[PDB]
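In order, the protein sequence lines correspond to chains A and B.
Under PDB author numbering, the letters of the first sequence match residues 30 to 137, 142 to 393, 396 to 474, 494 to 532, in that order.
Under PDB author numbering, the letters of the second sequence match residues 30 to 115, 118 to 135, 142 to 192, 201 to 472, 494 to 532, in that order.
Each residue gets a CB set at the ideal place from its N, CA and C atoms; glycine is no exception.
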Amino acid sequence: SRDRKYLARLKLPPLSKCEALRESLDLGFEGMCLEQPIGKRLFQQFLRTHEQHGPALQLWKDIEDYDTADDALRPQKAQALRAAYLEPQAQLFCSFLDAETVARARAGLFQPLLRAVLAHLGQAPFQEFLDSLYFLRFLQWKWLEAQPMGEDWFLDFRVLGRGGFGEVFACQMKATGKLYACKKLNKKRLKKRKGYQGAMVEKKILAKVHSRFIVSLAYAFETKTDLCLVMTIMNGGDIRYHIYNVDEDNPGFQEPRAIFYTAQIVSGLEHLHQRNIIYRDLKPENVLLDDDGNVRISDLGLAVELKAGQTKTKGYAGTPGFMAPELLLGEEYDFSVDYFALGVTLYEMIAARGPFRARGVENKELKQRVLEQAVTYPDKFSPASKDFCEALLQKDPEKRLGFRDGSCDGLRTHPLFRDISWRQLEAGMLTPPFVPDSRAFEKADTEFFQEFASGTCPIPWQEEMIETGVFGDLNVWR
Amino acid sequence: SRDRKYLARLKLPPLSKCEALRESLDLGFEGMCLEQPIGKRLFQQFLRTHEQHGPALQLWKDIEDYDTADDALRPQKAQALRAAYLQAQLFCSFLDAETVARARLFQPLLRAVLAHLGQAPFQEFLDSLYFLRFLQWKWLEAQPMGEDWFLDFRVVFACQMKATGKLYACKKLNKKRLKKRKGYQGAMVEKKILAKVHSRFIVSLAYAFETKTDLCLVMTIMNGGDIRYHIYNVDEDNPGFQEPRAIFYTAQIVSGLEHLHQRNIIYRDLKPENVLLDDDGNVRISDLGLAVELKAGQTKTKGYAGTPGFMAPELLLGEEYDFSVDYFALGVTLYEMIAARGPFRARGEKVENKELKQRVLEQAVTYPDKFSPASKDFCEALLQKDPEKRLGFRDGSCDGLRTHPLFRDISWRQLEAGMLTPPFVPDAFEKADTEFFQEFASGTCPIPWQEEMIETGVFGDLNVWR
């Protein structure tokens, strides 16, 4: 359904206002169209009416089409893409690059083919969009993004749960009609514990990331009683909810069910650590499942940030079992205390118990079993799972496949992912292995609540406009 | 059919170029959207996405719809327009309630919205997209469209605009012969007023350029032939025309001369062979060497030239004459339309110009049986022996003419629009000269050009969003 009165406060503006934007923004090619879908599309749309860059556009289109393609049609989509653009006078044979990257792709894998067009497409042809209409309309789409979207603009009625900080909800964006889990906090209780620093650190990195295994924050505002942060909804429940209490006499999960979730996690942590950031506490109950069936990772008090120029960070906190060996003694540890935690999680996924313990001891024996004891496996495991879990559960962090080379490119090779080609999961087209059932104050604080509230977080907002049709139905020409 | 290579030299530009345009142009409201259809439409299009000025837009739309409406549905379209806007559901809220009383003929109703629509709401278009695209449509208009851009094959020629595929009569002149007669002044005066007028009873000039051998001027298409072609040589044993056939053409002429003379300008030479017929069946007037201009502050102009018979009485002696030497010429034409001969003479009788002048001045018109009385009572007006008793240009328009009995059937609206089924559908050089040829060639004449883009779809298919 759709609302009108809140959709009415949203109009397409004039041009004497988009001049304060012109100077203060400095989006280099990369930060704009390639990442911002309203940019993407508007610039797509610039290459659509301008006839000279059809071949380069469709080129890139069909690269995104092959990127996500299935696994018995990749040979065919390859022979489709090779016959259209590459070789003896193709009919959409473009003429702006020379002929050095034509040689590059002939072996397979067409990833370097893509970056060859990107580099150029962002230089000589890119000049025009800027000095053309489509871009300007973006400024005006952009203009309305830089606006104050307060408590008025969202609704409350059904609540997720209660840990302590406040009350967690699902909320609909009124004008458009999009749903969002918006976490709400009793302000007085927040200042009551100096819990400022764990939350903002948690906020600062939410808006900076868009990985569909990480709760993507859309908005940030101040009501009066509470502070809020819209993130991409998750219903049914968490993974413990499923592991232990979905099917009782058949405890735990099957093989492709746990695999599918483990992979979605691998890429969430990749994004986590690509920006130099730790999760520390990683477990099933700290992982959710949406109505669509694509999981994420949740609850981010334990979300410490690593700075720039420094190497490591120290401490003592987390969850007994999902701490690493080098985390319990209290030494300098890399991100793989998460990957160690994941190993324990993956076990408790397909075990119905903590890996060292028995199902359902003090923290000293749990620490002594975290460090020393190896994993004694039963019959239920397939060999690919056993050969892989021995990597995560190593007693030191240099032999455990942690964050290496900048991405999990060494992890993604590992035997357990043969069926799963490492593309489709990052997009969102794979049928997940279980679909669910649906139906008085000082100055220092009020100056912070408005600092905290940066109104909008840009890109999920952009996505909301494009997916809901809001972009489509006010980007009108006739 | 359509061409590609010439349609390829026509692209939508960037924005760092439309800055020399910003300062040097000064289009006040009237000169832009209300008259320029690409402005009209783009601004229409601005009021289409902006939801607050739907009622004002459709208001004006339905005024243009009623303006042209037929004559047994005007009572109904009135009761349709009165029930929609005059608590109506598209009741607009920007004007007060003084013009609501006025209309209770809705012409003053229209100018009430126009006045306002061009003031408070008009500010935005300017500072909005739709206008900018106009700047870029405008930019490409200010371009050199030379000899390359047009074709010749059938002859004065007919020429097709290659890229789009639109037809045009483009009049071409041997330059050396032009300078050979100091015939500069009669042509430029003739050019200067062609581009300044768009009346569909006047050859509307679209372009102006220089080839090398010739200078040219594209004007709006007419096929079959001229009126003599029909009068004398359409149906041989039934010479001339019927009654509603000649009437229909005579009326179209009345309004062409109205436009001719509204701007203080004379045709002098008016005749059937100097009147054409298009494929659609709406006529115009043609060949404008004899197209002298009257200035400002002066009263009259003198001379000796034209065509023996279609000169006036006061034109042959060589005195000061008003426009009605045309209207006198028209009387002779209307006769030769429905007679198959010159009014005074006998058909094809080759008398000299002295007896033709003596019969132009003295002799009255001896009518036969074929005429209906409304035609006889009217032609006696045009063929009077002096210009003060002949119904010439009076009051600023032919409002005294339009009353006359011969036009009962014809209500004086539909012919000006273009919806009436016409009564016959068809089947070495110095510096002073090369500096003038490029002055002469102002490249484009804006509005018929604009029309070409909108009618051919050229506007429609490069004004694309998706």
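What is the DSSP secondary structure of residue i, counted as helix, strand or coil?
| i | result |
| --- | --- |
| B/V131 | helix |
| A/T500 | helix |
| A/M267 | coil |
| B/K211 | strand |
| A/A179 | coil |
| A/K421 | helix |
| B/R191 | strand |
| B/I311 | coil |
| B/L321 | strand |
| B/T295 | helix |
| A/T522 | coil |
| A/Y366 | strand |
| B/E235 | helix |
| B/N529 | coil |
| B/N327 | coil |
| A/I383 | coil |
| A/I247 | strand |
| A/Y252 | strand |
| A/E400 | helix |
| B/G285 | coil |
| A/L39 | coil |
| B/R390 | coil |
Count the other CB atoms within 10 Å of the CB of residue i; is the residue buried (16 or more) or exposed (fewer)?
| i | result |
| --- | --- |
| B/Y349 | exposed |
| B/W174 | buried |
| B/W515 | buried |
| residue 491 of chain A | Shown without residue 491 of chain A, the model has chain A running from 474 straight on to 494. |
| A/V248 | buried |
| A/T448 | exposed |
| B/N309 | exposed |
| B/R135 | exposed |
| B/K421 | exposed |
| B/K211 | buried |
Name the chain B residues that come within less than 8 Å of residue i, Cβ to Cβ?
| i | result |
| --- | --- |
| A/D164 | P43, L44, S45 |
| A/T352 | Residues of chain B passing the Cβ test: none, with the nearest at roughly 52 Å. |
Who are the near neighbours of residue i in its chain, counting only those whose CB is closer than 7 Å to its CB and skipping five residues on each side?
| i | result |
| --- | --- |
| B/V299 | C443, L446 |
| A/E178 | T510, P512, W515 |
| B/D189 | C204 |
| A/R435 | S369, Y372, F373, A426, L427, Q429 |
| B/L102 | none |
| B/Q459 | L465 |
| A/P158 | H82 |
Run down chain B in chain order and give the residues with a C-beta less than 7 Å from the C-beta of residue i.
| i | result |
| --- | --- |
| A/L169 | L166 |
| A/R133 | Ordered by position in chain B, no residue passes the 7 Å Cβ test against A/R133, which lies about 33 Å from the chain. |
Under 9 Å Cβ-Cβ, which residues of chain B neighbour residue i?
| i | result |
| --- | --- |
| A/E521 | What A/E521 touches in chain B: nothing, since even the nearest Cβ is about 17 Å away. |
| A/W176 | Those do not exist, as A/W176 stays about 13 Å from chain B at its closest Cβ, beyond 9 Å. |
Anything in chain A within Cβ reach of residue i, meaning under 7 Å, just list it in chain order.
| i | result |
| --- | --- |
| B/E161 | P43 |
Which residue or residues does DSSP assign as beta-bridge partners of residue i?
| i | result |
| --- | --- |
| B/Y372 | Answer is none; B/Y372 lacks a bridge partner. |
| A/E433 | Per DSSP, none; premise fails for A/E433. |
| A/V279 | In the DSSP output, where bridge partners are listed per residue, A/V279 has none listed. |
| A/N219 | A/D259 |
| A/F202 | A/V192, A/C215 |
| A/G509 | A/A253 |
| A/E338 | A/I310 |
| A/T346 | A/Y366 |
Here's a check: name, in chain order, each residue in its chain whose Cβ is nearer than 8 Å to the Cβ of residue i, leaving out the five neighbours to either side.
| i | result |
| --- | --- |
| A/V320 | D271, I272, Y294, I298, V328, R329, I330, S331, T378 |
| A/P66 | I513, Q516, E517, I520 |
In chain order, what residues of the same chain have a beta carbon less than 6 Å from the beta carbon of residue i, not counting five sequence neighbours either side?
| i | result |
| --- | --- |
| A/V242 | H304 |
| A/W531 | none |
| A/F198 | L218 |
| A/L71 | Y167, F171 |
So which residues on chain A does residue i lean against when the C-beta distance must stay under 9 Å?
| i | result |
| --- | --- |
| B/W186 | What B/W186 touches in chain A: nothing, since even the nearest Cβ is about 20 Å away. |
| B/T78 | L41, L528, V530, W531, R532 |
Along chain A, which residues have their Cβ under 8 Å away from the Cβ of residue i?
| i | result |
| --- | --- |
| B/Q74 | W531, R532 |
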